[PDB]
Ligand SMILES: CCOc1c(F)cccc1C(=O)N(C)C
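This document opens with one chain alone, in structure tokens, the form deposited without the ligand.
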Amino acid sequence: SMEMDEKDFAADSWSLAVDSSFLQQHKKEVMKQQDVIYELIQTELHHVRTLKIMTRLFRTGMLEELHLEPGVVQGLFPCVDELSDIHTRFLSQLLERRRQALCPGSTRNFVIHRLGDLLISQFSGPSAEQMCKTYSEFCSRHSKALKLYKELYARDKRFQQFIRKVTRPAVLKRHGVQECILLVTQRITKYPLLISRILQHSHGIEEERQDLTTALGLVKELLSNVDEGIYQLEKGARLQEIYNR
């Protein structure tokens, strides 16, 4: 992540991020709504960060330092460039909505009143089709990626030294290879939880309550489609084991 965004999302909540004199000007319900919207953006910033560790620290580092057989790096990090493109674009939209809402003279005081439309756009049309296609591919290759990782770590000395080297810093404590893969797979099922809690505090404007209700429905339809499109790939699986599924 970049320093500007890390500092904007350093506090544990929106109520601790804004100045206290600004917080005092809002009703309790607005503060509860903004605290959950802040959590959605903060966790999206961290999810994009997880994808950058995968593309830049691991994938590119293995290509530039190690002599792995062709197709091995793709097997460890399936669809990472596509996932990075989807979420970096979505994060850009969330951060621009926050930036436009800032008070003049402030880099931290804002209120986002219209999130629903942004979520409907993300979870409908071509962006939804791309999210569905990419997670159905990623989640079907999840078990294969973990097994390939374990095999390489156990048998390749240079691979083991590389992993131990780049995961040694304390800021990588939660982000080893297997941990990044599970963090990405789990991201999509966090959205309905976050959206339902934002909706709970967005009744003040009927158009916003309706938009968030529509967005929640679209995220659930995407999750159902992804879940129905998954079948774990396994290296060396025979056609007979596949058609006898």
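One rule holds for the numbers: they count along the sequence shown, beginning at 1.
Although it is not shown, the form solved in complex with the ligand is what the next lines describe.
By the criterion of a heavy atom within 4.5 Å, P126 is counted among the residues contacting the ligand in the deposited bound form. Although the partner is absent here, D85 lies within 4.5 Å of the ligand in the deposited bound form, judged by heavy atoms.
Within this chain, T167 is remote from the site of the ligand in the deposited bound form, having no heavy atom within 4.5 Å. At a distance threshold of 4.5 angstroms between non-hydrogen atoms, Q74 is out of contact with the ligand in the deposited bound form. Proximity to the ligand in the deposited bound form, defined as a heavy atom within 4.5 Å, holds among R114, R99, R89, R158 only for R89.
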